[PDB]
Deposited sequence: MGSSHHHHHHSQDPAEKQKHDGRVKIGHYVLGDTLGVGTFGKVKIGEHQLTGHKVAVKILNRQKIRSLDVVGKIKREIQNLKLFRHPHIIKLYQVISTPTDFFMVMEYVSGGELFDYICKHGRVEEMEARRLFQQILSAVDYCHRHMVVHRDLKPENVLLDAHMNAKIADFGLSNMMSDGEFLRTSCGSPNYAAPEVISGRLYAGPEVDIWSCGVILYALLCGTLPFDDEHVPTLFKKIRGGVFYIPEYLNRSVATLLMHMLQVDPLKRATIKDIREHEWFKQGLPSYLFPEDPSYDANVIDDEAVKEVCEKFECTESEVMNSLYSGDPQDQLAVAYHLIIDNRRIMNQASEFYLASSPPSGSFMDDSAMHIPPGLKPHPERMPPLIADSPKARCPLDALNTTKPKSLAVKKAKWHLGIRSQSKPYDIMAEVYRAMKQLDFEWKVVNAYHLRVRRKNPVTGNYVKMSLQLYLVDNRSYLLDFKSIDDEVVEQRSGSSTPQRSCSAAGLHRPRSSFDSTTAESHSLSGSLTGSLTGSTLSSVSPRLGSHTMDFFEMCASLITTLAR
């Protein structure tokens, strides 16, 4: 009677403590339906200035609809706390399963890895990076299905921008994360997944040490032991996933193509697969119908005229995706008739403009060059500027971001990046023309 109740759920034992907040089991007062309630303290969020991160985290978890990602049912707001009512899974952490059995058998390990990678790929396609992938953050249900959960250290990846924030346990963190360097995002999640696959199959970590500076040297070295009980196929997949070089590191497409990963793989886990279009609802396809005819089209699908409209886009999308050579260029058969012979040679392209002088001297030359060309800038960092120039013909402002980078011990680089938010002119021409003025002056 005097129990703590949020909604119609009675709060029980603490399931654990996440990156942000506390998680408690919830049991429905009338039915006994079980949920997991993540309690976020409003003052703790304010004290840490994590208001923006919490906002983006809720937005994504509400949008997310994947069988291998923990569902968020509702968020109950109170004057002191935020109560995130989520899907409950009885099997607990994957970490505890690995410890109980010593090591997971190849068949079950692959099945679980295929489910984890399916969830990771869903996040990446929705421009979200987990950045805290470990078996502790991978939960199991009653039917032994994997579900990724703590999106506290997650972030959204935008066009042209990089991520730096040092997130996750050192044992699962990529060499670039440890080094405190800028990274794209997805390659960091693939490293963590490689460590999970090693831990599933071996029941041990590929890089482990009591002394932290030695552990960091081990990860940066990328040298790990491959046990004799693992076949060469899985070994190559692990070696491609755990590459020190992020450019040489495996992509989700590379893993999907691997002979070991392909075995007994369900045809509904990944997009473009034979059962994905027939069993998985496409958000972008439903949104395209909304502008033509906003209401829910679920009743017609679960044959009505409204349902055919959804499937027409899905069919047309498949035809365009099947003709791979028509929309994208192949990796380097008769040559294309329009292939042009070589001139007469072979000039190489480069990012922005390079300088071997001191970084303070480079920046000083930038401020002078801008002032002569009547530019207006904002100093967000000592090496990061937000420049603006009004176009005289179109009467519109042209915006670009300047960033100074370190190439080597003596070399530096000035990066130019356009900012998009011109009817008479052209946006791309405005960026090129603003860059040209600054390049010629410098």
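J.: Which regions of the deposited sequence are unaccounted for in the modelled residues, listed N- to C-terminal?
T.: Model skips 1-20, 314-316, 326-329, 360-375, 388-410, 488-542, 564-565 of the deposited chain.
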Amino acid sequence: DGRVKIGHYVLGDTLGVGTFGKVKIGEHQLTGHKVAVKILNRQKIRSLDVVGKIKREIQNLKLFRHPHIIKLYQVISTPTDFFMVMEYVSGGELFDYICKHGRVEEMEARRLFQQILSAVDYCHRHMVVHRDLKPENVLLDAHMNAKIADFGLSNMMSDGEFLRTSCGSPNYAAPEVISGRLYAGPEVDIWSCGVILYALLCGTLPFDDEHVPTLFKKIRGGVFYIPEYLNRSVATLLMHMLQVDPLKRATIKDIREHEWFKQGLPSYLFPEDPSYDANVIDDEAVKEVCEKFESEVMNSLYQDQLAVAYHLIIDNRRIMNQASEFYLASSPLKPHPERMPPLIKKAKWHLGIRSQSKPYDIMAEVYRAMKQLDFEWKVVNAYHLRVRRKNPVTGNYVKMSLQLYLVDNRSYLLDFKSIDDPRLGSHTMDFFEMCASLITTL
From here on, numbers count along this sequence of modelled residues.
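J.: What stretch has the higher average Cα B-factor here, 320-328 or 121-129?
T.: Per the PDB entry, the higher value belongs to 320-328.
J.: Between 97-105 and 249-257, point out the one with the higher average CA B-factor as the PDB entry records it.
T.: The stretch with the larger mean CA B-factor is 97-105.
J.: At the C-alpha atoms, which of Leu373, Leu63, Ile70, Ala36 reaches the highest B-factor in this entry?
T.: Within the set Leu373, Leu63, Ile70, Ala36, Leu373 shows the top C-alpha B-factor.
J.: For the C-alpha B-factor as written in the entry, point me to the maximum among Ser47, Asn41, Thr31, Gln403.
T.: That would be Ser47.
J.: Sorting by Cα B-factor within the chain, modelled residues only, which third would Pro213 end up in: lowest, middle or highest?
T.: Ranked within chain, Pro213 CA B lands in the highest tercile.
J.: Per the entry's values, where does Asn279 land by CA temperature factor relative to the rest of its chain, in the lowest, middle or highest third?
T.: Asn279: CA B-factor falls in the highest third of its chain.
J.: Where does the C-alpha B-factor of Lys147 rank in its chain, lowest, middle or highest third?
T.: Tercile = lowest for this residue's CA B-factor.
J.: Quick one: classify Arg164 as lowest, middle or highest third of the chain based on its Cα B-factor.
T.: It belongs to the middle third of the chain when residues are ordered by C-alpha B-factor.
J.: Lowest, middle or highest third of the chain for the C-alpha temperature factor of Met156?
T.: As the PDB entry reports it, the C-alpha B-factor of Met156 lands in the middle third of its chain.
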